[PDB]
Structure formats: structure tokens, C-alpha cells
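Scroll down for the structure; my scribbles are underneath it.
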Amino acid sequence: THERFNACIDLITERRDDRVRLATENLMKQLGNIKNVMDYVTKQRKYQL
Amino acid sequence: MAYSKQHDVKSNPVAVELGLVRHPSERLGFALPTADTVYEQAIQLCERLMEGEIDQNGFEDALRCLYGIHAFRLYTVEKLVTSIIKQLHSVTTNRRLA
Amino acid sequence: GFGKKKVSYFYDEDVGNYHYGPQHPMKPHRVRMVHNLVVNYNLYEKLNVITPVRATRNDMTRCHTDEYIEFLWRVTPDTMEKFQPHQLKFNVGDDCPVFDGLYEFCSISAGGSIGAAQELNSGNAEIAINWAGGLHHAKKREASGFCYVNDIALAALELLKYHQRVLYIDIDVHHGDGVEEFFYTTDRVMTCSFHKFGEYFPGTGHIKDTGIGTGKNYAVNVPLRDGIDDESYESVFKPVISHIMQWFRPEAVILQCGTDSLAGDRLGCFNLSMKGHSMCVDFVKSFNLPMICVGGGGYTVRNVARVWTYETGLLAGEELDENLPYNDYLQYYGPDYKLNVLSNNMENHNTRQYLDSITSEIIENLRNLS
Amino acid sequence: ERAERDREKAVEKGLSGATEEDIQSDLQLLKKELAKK
Amino acid sequence: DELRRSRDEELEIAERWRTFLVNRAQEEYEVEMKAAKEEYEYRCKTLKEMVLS
Amino acid sequence: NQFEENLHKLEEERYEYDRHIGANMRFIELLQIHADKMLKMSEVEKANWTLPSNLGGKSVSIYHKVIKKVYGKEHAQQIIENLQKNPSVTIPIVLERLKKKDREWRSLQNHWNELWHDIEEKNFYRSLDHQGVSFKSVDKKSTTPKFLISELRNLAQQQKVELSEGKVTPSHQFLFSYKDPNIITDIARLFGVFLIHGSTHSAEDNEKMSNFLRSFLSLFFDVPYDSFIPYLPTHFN
Ligand SMILES: [K+]
Ligand SMILES: [K+]
Ligand SMILES: [Zn+2]
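If you're matching them up, the sequences are chains A, B, C, D, E and F in order.
Quick note, in the deposited numbering, the first sequence goes up one by one and the last residue is 393.
Quick note, in the deposited numbering, the second sequence goes up one by one and the last residue is 1130.
Quick note, in the deposited numbering, the third sequence goes up one by one and the last residue is 371.
Quick note, in the deposited numbering, the fourth sequence goes up one by one and the last residue is 266.
Quick note, in the deposited numbering, the fifth sequence goes up one by one and the last residue is 107.
Quick note, in the deposited numbering, the sixth sequence goes up one by one and the last residue is 882.
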């Protein structure tokens, strides 16, 4: 239809793409958090000895 | 300081990425008057309220988006001006006072 | 070679998991939160994080009674139908509930505090932190006001093996009555507490409560009123402490850093901010004495987490950025997401003349000293 | 209000622990693997 | 030697915990990406059907 | 203040979810050590294996709390007994169940985070505003003419008393100051906007008041007449 219907399609794919961007943004931050926690634990055990 | 807050604060990028930041005065129910100083915006807002474009709640919320918590004294201005008018009424009717 | 000195910092990973009651204002969970920020600011590279050695029965009865500690060590939330005499006697059941792992919680707190005392005794540190400690409302014979085992007394006793004078500063909004009652008749520990004196808990702390026996003039109370701000507080805080440090001349400080004296707390009624609250800690630290800094109150957990994080980074000698890095509890810190707690527009009740009066009175009392 | 006094209960039932058929299945599996001793 | 043995065991356990945590995060994210794709496909199809009707 | 209370309720629900999930994950962290010991021993040992009364960890209360929450307190004794007695059979089952429950709870928490976000934003900003609502009353009882004249008369009477005490009492009881000369023009602006857009008086009354205010302000405070023109209209029709 190359028309207003395509506009509806694009305003739906906008929603899908922002969702996907939010998810892939959560992921990297969580992996950073995990990296921090584990480096902490490692140095802590060595110092305790 | 009202202007130093209006134009010199920067969000936390981490909460910008995750889509958490929402500033008010970008959501108010209406738009805010624009000027060179905040004080002018405050005056335009009191004027709008006295007209009727703005309700009491929107006027207070705009005052909060502008000044913070140090602008509560102005929540009553309308009432206050009303009372002042009343005074003039008496002073405009005393025959010897002229 | 041995370089600078770092801040010892006691933490036990189980401590976050103890839960008082359904809607209880006290949540040990908050310590977890503090740590999750200390990790994510990469602060742990400037500290020495140590795991506490849980304290035993023969360590808690150096201050409390055998019957009280025995009841602690025996009770469980299920078999408390057989302890109904002990509930009355020991003041346990409504404000200080019996929950799961009560004794383990108390052992973690007391162990952190005694460990800090041993750290200073040994020379390994000059500052030592333990945010799970600082339960200043617990009496020798009873439980009182969210606290069960008064670990500041145990820290002080362990400190008095080699130091001749100790000073205990208390800035929780309440009166630190357990730690006063313990050292009320002695001149080796001077207590000094700033609190809201009125129709308020616990009800004690009157300005003419200044010790008996040998401990005459060795307790200090500063009874304030509502809504006090940062500059009023500073005006009444800095003179008192300056003259205590001048005239009493301690050798070791125990600083209780409660944070229900902050603006917007669930129970307290003061009006300080993050900078106003941290002013006290920085001023006390500026004197160069062995120091312990313990936790205390604090019943709005977002504010407490941010303030204790800031003060930890400030004792370590660092300077933290004001944006919160991503951590596991980021959604508690809305909507600014900043390392800052803000005051409000509640009304102050401490007129200038009142503060001048009490400051003068207290300074005369302290002039009685040596 | 009917809305917020509803989301309160909606939150409350969130945690809810395990369900009944699930613990039954875990128990049956336990006993079965105990037979294989 | 008791100390050395305890430390080495705790380091091994840390390394085996990090793996579980990372797999937990990855699974959590796969769930949401699949949910987004599924919901969007269903939305587009339902709209096509609605326009045809 | 109802807004602080809304914030406190929200924080309570947040904490609820977080505490359940954190305790569950600590127990899982414990079981993940016994599982990886199990899978690294001969097949005969797995049968002669037993765990002490503290399940191999430091703090049994957390573990029993987790179990009672997940399995209910009616089937928890069986699970604890079989976890102590024969681990090699009972640890995999429980570990997998706990993992499933954790997954579900994390999903629910992620679902509720957004509703809570909007509630917090709606309630937050007017919570550092304790005195914003305790003022729409005090200002009233300080704007009553009765209060004004009463205050004046009490001041005069006590000042006369001090005058009869032999004390030093000045002539004026009120000392006001007006530094900025423009704020009065702005107050005039407000006056004009009100007069035009007030639904109380009639046009001629607003006209008389406008002209009188023009004269009186320009004269008393000594501010040029010309500034007052645009805001105080002479004709209100
Ligand atoms: K105090
Ligand atoms: K004393
Ligand atoms: Zn307190």
C-alpha cells in the first residue's frame, strides 16, 4: 500500500526497536556490575590470607 | 541561582541511556513562558493565573519547576492581591479621605 | 614500604539477609546497599575490607548478664510460646521483635566492633569502619529500641587496655542512653550526645544529666528542637567539640554516625543534608586521633545508603563523583540519580538565643574539667 | 479507590512461593530416586 | 597451609560463580528479545488483519 | 504530608522484592558448592555422604528461611531432613527448583519497576514541601483586617506601657523598606491584569481605582508617571 499503512508499520517498528535497544543496554551494564563484583571478591580473598 | 539551575545542570548519563531520566517542565500540562530572566517568567505565570489560563495546581508546579522549594510564599498571591483590592475599595469610598 | 595507611572496613556478606518484621523501620538490608556502591565506585581499592570474626557468648557477657545472653542464644521465633516470662523481663516482643537468626545478627555486629577495636589496639589502622554496629540503645539487663547487644561498650572496653581516655560522640537524633548508662559513673569515657529533647524517645538526656560519682562532668547532653539546619547545627557542634578536645584531651574516638537526623527521615525530625551531616565527620576526623565510625539509625534506606557511601569515600581520603554508577539498586535513587541528599522547607525552632544559652552552660560545665 | 487497592494485592501475590502441583512433583521425584537406592 | 588451601578453594568457587551469574544475565536478556520480536510480529499481523477487515 | 508517605510505601514494596530475591540467591550460592563437589567424586561416596546440621555454611537461619518460603512450612521438614541425610539425591532437585523460582521473581520485579517509577515521579517533587500546605492557612489568619488592627493596637498598648516603664521606646512601630524602584511598577502590572480580569467589580470602579493607583503610586514612592501607563488602563470598556 506504500501509504499511511506503511506509516503505522514504521511507528510499530519504532516501538520494537526501542525495546530491543533497552534490552541490549541493560545487558552491558549488568556485565559491568558483575565484573566489578568479582574483581572485588578476588582481591578480598587474597588480602584476607 | 534559579537561572544557574535552569541552564547549568547536566543529567546522569547512565540514567539517560537506560531511559530513566524525565524532567518536569518538559511535562507540565502546558508550556512555560520564555524570557531573559526567571523573574519575568514568574511574573508572566502569576499574570496567566490571574487571567484563568492556569489553575492553582499548574501554577504551583510551574513555580516548582522554576525555583524549587523556595517559592512557596507565592502560592497565595492571587488571594493576597484580592485582599489588597478590598483595601483600595474602602479608601476609594471614604469621602473625607479625598 | 607499608606506604600510606588505609581504612579498615568490616563487612560480612550474610549481614544483609536478616529481616526484623513485617513493616519494621529497621532494615539490615541497607548495609548490602552501601556495599554495592562501594564496589561500583571502585572504592575498595583504597580500603582494606576484612571479614569479622563472629563474637561468642563469653564476649557478649562482658557487658550483659548471663540470663539475657542465654535467652538470646536459646530463643527461636517458633519456640517463643515457652518464653513468655522472659519476654516481659527482657523487653522483647513489640519494638524489639524476636526473629530468625537474631543471635547470629548480634554476633556479626559485635564482632565487627570488637575487630575494629583490636585493629586500633594493634597499630594496623588509624580509622576503622563498621556500619552494621552502633546499636546504642541496648541496656545491660534488657533490650531497648531496636537494639539487642550494645557493641560500642565492648569496643570501648577493648580500647581501654592501652588508651587512658576515650570519647564517644553521638549524632543520631535520639539519646544514646545505653552507652551513657554504661559509662555514667566513670572518668575514663566521656560521652557527648546531640538529640531532640522533648516528647521524644527515649525520654532521657536532660541537660542537667552530667554524671554521678567520679563521672561528675563527664557526660554531655545537647538538647535541641525541631527542624535544625546545617548552620545552626554547626554553630552548636563545633564549639562544644573544640573545647572537649581541648580540656578532656582524649586518645581515641568512637563516632556514631546515625542518619535519621537527615531531612526526610521516617522517624527523625531534623533538617540536615548530606553536606551538613558530613561536616561533623570531617571536623572530627581533622583532629588526628584513632577513630572508629559505626552505623546507627537511619530508616529511609536510599538516603542512608547515599550518605554512608559519601562518608566512607570521605574518610578514605577520596572525592567521589556525584553521578551514581550502575549498581544493583539503581532504582531506589530516583529521580535525580545523584550522590546527594537535600534539605527541605520545614521550619526551624532553635532560636539563636537558645543555642547561645546552652552552649554557654555546657562550656562552663566542661571548664570544671582538668 | 478501586485501582490502587487492587495493585496493592497484585504486588502482594507476586512472591507467592512455589505452587502446589510443583512441590507435589518434586516430592514424587524425591521418593522415586530414593527407591533407586 | 590451612590458610593456603582455604584461599585456593574460595578462588575456585568465585570463578565458578561468575559463570553462573553471566549465564543468568544472558538468559534474562534472551527472554526479553524473543518476547519483543514475538509481540511485534503479532502486532503487525493483527494490524494487517484489521486493515483487511 | 501524604507525599512522604506514598514514597515510604513505595520503598517498602521495593525492599520486599529485593529481600526475597537476595536471600534466595545466597542459598543458591551455597548449593552451587556442594553440587560441584558432588560431580567430582566416585560413585560409592555419593551414597555415604552426609551434611552436618548447618548444611556446610555459616548461617543456618537464612537457609531454613528460604526453604520455608519456597516449599511452605508444611513440607519443609521433609526437605531439610533429606538435605541433611542423603544429599546426593536431594541437592539437584532443590537447586533446580530454586533457580526456577528466582527466574520468575526477577521477571515480576522487572515488570513492576516501571509502575513504581511513574508513582515515584508523581509523588516525589512535592515531598520536600512540608510548609507549602501549612501556609494556605497561616497566611489567611495573617491577612485578616481584624488581625492587622489587633496587632497594631497591641503594639501601641505595650509600647505605651514601656513608655510608662521609663524605657526607651521609639515613635514608629513598623519599619518598612522599598529599595528596588521597579517592583512597584510590576505590582502595578499585576493590579491592572487583576482589575481587567476580575469578575467582582464594575468597569467604573476599576477605572477609578486605576487612576487613583496611578496617581498615588507615582506620587508616594516618587516613580515616573510614564512607566505606569501600559499596565493601568484608563478606559475599561
Ligand atoms: K544523640
Ligand atoms: K562518663
Ligand atoms: Zn536514632
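Cβ atoms here follow ideal geometry from the backbone N, Cα and C, with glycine treated the same way.
message: Is any non-hydrogen atom of ligand 1 found closer than 8 Å to the C-beta of residue 372 (chain C), if you look at the structure I gave you?
response: Absent from the structure is residue 372 (chain C), since the part of chain C shown begins at 2 and ends at 371.
query: If you measure from the CB of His138 (chain C), is any heavy atom of ligand 5 nearer than 8 Å?
result: In terms of ligand content, the structure shown lacks ligand 5 and carries ligand 1, ligand 2 and ligand 3 instead.
message: With a threshold of 8 Å (Cβ to nearest heavy atom), would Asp171 (chain C) be considered close to ligand 1?
response: One-based indexing of the third sequence puts residue 171 (chain C) at position 170. Flag set: Cβ of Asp171 (chain C) near ligand 1.
field: Of the residues C:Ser194, C:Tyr185, C:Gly228, the one placed nearest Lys217 (chain C), counting alpha carbons only
entry: Reading the third sequence from its first residue, position 216 is the one you call residue 217 (chain C). Checked all of C:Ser194, C:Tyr185, C:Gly228; the closest Cα to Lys217 (chain C) is C:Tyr185.
- prompt: Hey, is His762 (chain F) close to ligand 1, as in C-beta under 8 Å from one of its heavy atoms?
  reply: Here residue 762 (chain F) is taken as the residue at index 117 of the sixth sequence, counted from 1. Checking every heavy atom of ligand 1 against the Cβ of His762 (chain F), none is found closer than 8 Å.
- request: Say whether the segment 808 to 818 of chain F touches the segment 254 to 273 of chain C, bearing in mind that this needs 3 or more beta-carbon pairs closer than 8 Å, one atom from each stretch.
  value: Segments in contact, no.
- request: Within the same chain, show all residues whose beta-carbon is closer than 7 Å to that of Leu321 (chain C), passing over the 5 residues directly before and after it, in chain order.
  value: For the purposes of this step, residue 321 (chain C) is taken as the residue at position 320 of the third sequence. Taken in chain order, the residues that qualify are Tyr42, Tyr311, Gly314, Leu340.
Segment limits, beta strand (DSSP E) that includes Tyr391 (chain A): Taking the first sequence and counting its residues from 1, one reaches residue 391 (chain A) at position 47. Not the beta strand (DSSP E): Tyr391 (chain A) falls in the alpha helix (DSSP H), residues 348 to 392.
- request: Run down chain A in chain order and give the residues with a C-beta less than 7 Å from the C-beta of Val40 (chain C).
  value: Working through the third sequence from its first residue, we reach residue 40 (chain C) at position 39. Scanning chain A for C-beta atoms nearer than 7 Å to the C-beta of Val40 (chain C) yields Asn380, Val381, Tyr384, reported in chain order.
- prompt: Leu366 (chain A) versus chain B: which residues are under 8 Å apart at the beta carbon?
  reply: Along the first sequence, one-based indexing puts residue 366 (chain A) at 22. Within 8 Å Cβ-Cβ: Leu1050, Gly1051.
- prompt: Any heavy atom of ligand 2 closer than 8 Å to the Cβ of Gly212 (chain C)?
  reply: By 1-based counting over the third sequence, the position of residue 212 (chain C) is 211. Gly212 (chain C) has its CB nearer than 8 Å to a heavy atom of ligand 2.
task: Identify every residue that forms a DSSP beta bridge with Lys197 (chain C).
output: Taking the first residue of the third sequence as 1, we reach residue 197 (chain C) at position 196. Looking at the DSSP assignment, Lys197 (chain C) forms a beta bridge with C:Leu225.
- prompt: Count the other CB atoms within 10 Å of the CB of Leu155 (chain C); is the residue buried (16 or more) or exposed (fewer)?
  reply: By one-based count along the third sequence, residue 155 (chain C) stands at place 154. Burial call: buried.
query: Quick one, are the C-beta atoms of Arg166 (chain C) and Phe288 (chain C) less than 9 Å apart?
result: Counted from its first residue, the third sequence places residue 166 (chain C) at position 165. Counted from its first residue, the third sequence places residue 288 (chain C) at position 287. No, Cβ-Cβ distance for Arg166 (chain C) and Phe288 (chain C) is not below 9 Å.
- prompt: Going along chain C in order, which residues have a C-beta closer than 7 Å to the C-beta of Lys710 (chain F)?
  reply: Stepping through the sixth sequence from its first residue, residue 710 (chain F) is reached at position 65. Under a criterion of Cβ atoms nearer than 7 Å, the residues of chain C adjacent to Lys710 (chain F) are, in order, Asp101.
- prompt: So, helix, strand or coil for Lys339 (chain C), using DSSP?
  reply: Mapped onto the third sequence, residue 339 (chain C) falls at position 338. DSSP, reduced to helix, strand and coil, places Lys339 (chain C) within a strand of the structure shown.
query: What's the C-alpha gap between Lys28 (chain C) and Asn731 (chain F)?
result: Position 27 of the third sequence, counted from the start, is the residue given in the question as residue 28 (chain C). Position 86 of the sixth sequence, counted from the start, is the residue given in the question as residue 731 (chain F). Counting only the Cα atoms, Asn731 (chain F) lies some 36 Å from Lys28 (chain C).
- prompt: Does the beta carbon of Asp188 (chain C) come closer than 9 Å to any beta carbon on chain A?
  reply: The residue given as residue 188 (chain C) occupies position 187 in the third sequence. No, its Cβ sits nowhere closer than 9 Å to a Cβ of chain A.
- prompt: Of all the options C:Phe198, C:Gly214, C:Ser243, C:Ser236, which has the alpha carbon lying nearest to the alpha carbon of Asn222 (chain C)?
  reply: In the third sequence, counting from the first residue as 1, residue 222 (chain C) sits at position 221. Looking at the Cα atoms, C:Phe198 is the closest of the given residues.
- prompt: Could you give the C-beta distance for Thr1124 (chain B) and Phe857 (chain F), rounded to a whole number, given that I count them as a contact under 8 Å?
  reply: Along the second sequence, read from residue 1 onward, the residue named residue 1124 (chain B) stands at position 92. Along the sixth sequence, read from residue 1 onward, the residue named residue 857 (chain F) stands at position 212. Under the criterion of beta carbons closer than 8 Å, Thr1124 (chain B) and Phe857 (chain F) qualify as touching, at roughly 6 Å.
message: If the criterion is Cβ atoms closer than 9 Å, does the pair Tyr662 (chain F) and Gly243 (chain D) meet it?
response: The sequence position of residue 662 (chain F) within the sixth sequence is 17, counting from 1. The sequence position of residue 243 (chain D) within the fourth sequence is 14, counting from 1. One thing to note: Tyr662 (chain F) has its Cβ within 9 Å of the Cβ of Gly243 (chain D).
task: With 9 Å as the threshold, decide whether the Cβ of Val1046 (chain B) is near any Cβ in chain F.
output: Here residue 1046 (chain B) is taken as the residue at index 14 of the second sequence, counted from 1. No, its Cβ sits nowhere closer than 9 Å to a Cβ of chain F.
Below-9 Å beta-carbon distance, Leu797 (chain F) vs any chain C residue: One-based indexing of the sixth sequence puts residue 797 (chain F) at position 152. No, because no Cβ of chain C sits closer than 9 Å to the Cβ of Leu797 (chain F).
query: With 16 other CB atoms within 10 Å as the buried threshold, where does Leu864 (chain F) fall?
result: The residue labelled residue 864 (chain F) in the question sits at position 219 within the sixth sequence. It is exposed - the Cβ of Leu864 (chain F) has fewer than 16 other Cβ atoms within 10 Å.
Cβ neighbours of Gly1061 (chain B) in the same chain (closer than 7 Å, five flanking residues each side left out): Mapped onto the second sequence, residue 1061 (chain B) falls at position 29. Close CB contacts of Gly1061 (chain B) within its chain, under the 7 Å cut and outside five residues either way in sequence, are with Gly1090 (chain order).
- request: Identify whether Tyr219 (chain C) lies in helix, strand or coil by the three-state DSSP scheme.
  value: Locating residue 219 (chain C) in the third sequence gives position 218, counting from the first residue. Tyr219 (chain C) sits in coil when the DSSP states are folded into three classes, being neither helix nor strand.
query: Under a three-way DSSP split, which group does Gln332 (chain C) fall into?
result: On the third sequence, position 331 is the one that residue 332 (chain C) refers to. It is helical.
message: Measuring only from the beta carbon, is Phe195 (chain C) closer than 8 Å to any heavy atom that is part of ligand 1?
response: As a first step, residue 195 (chain C) is located in the third sequence; it is residue number 194 there, counting from the start. True, at least one ligand heavy atom lies under 8 Å from that Cβ.
message: Could you tell me the alpha carbon to alpha carbon distance between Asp251 (chain D) and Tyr45 (chain C), rounded to whole angstroms?
response: Against the fourth sequence, residue 251 (chain D) aligns to sequence position 22. Against the third sequence, residue 45 (chain C) aligns to sequence position 44. Taking the Cα positions, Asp251 (chain D) is about 43 Å away from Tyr45 (chain C).
query: How about the segment 663 to 677 of chain F and the segment 742 to 758 of chain F: do they share at least three Cβ pairs that are nearer than 8 Å?
result: Touching, yes.
field: Per-residue contacts from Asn324 (chain C) into chain B (C-beta, under 8 Å)
entry: As a position in the third sequence, residue 324 (chain C) is number 323, starting the count at 1. Under a criterion of Cβ atoms nearer than 8 Å, the residues of chain B adjacent to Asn324 (chain C) are, in order, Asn1044, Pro1045, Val1046.
- request: Using a Cβ-Cβ cut-off of less than 9 Å, give me the residues of the segment 825 to 840 of chain F that come near chain B, in sequence order.
  value: Residues passing the 9 Å Cβ filter: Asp831, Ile832, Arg834, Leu835, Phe836, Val838, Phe839, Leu840.
Alpha-carbon to alpha-carbon, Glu127 (chain C) and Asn693 (chain F): Walking along the sixth sequence from the start, residue 693 (chain F) turns up at place 48. Walking along the third sequence from the start, residue 127 (chain C) turns up at place 126. Each residue's alpha carbon lies about 51 Å from the other.
task: Answer yes or no: does any C-beta atom of chain F fall closer than 9 Å to that of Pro1056 (chain B)?
output: Here residue 1056 (chain B) is taken as the residue at index 24 of the second sequence, counted from 1. Yes, because at least one Cβ of chain F sits closer than 9 Å to the Cβ of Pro1056 (chain B).
query: When you compare only the Cα positions, how much space is there between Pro1056 (chain B) and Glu796 (chain F)?
result: Along the second sequence, read from residue 1 onward, the residue named residue 1056 (chain B) stands at position 24. Along the sixth sequence, read from residue 1 onward, the residue named residue 796 (chain F) stands at position 151. Their Cα atoms are separated by approximately 42 Å.
field: 8 Å CB neighbourhood of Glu319 (chain C) in its chain, flanking five on each side removed
entry: Sequence index remark: in the third sequence, residue 319 (chain C) carries index 318 (1-based). Once the five neighbours on either side are set aside, the close Cβ partners of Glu319 (chain C) are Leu44, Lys47.
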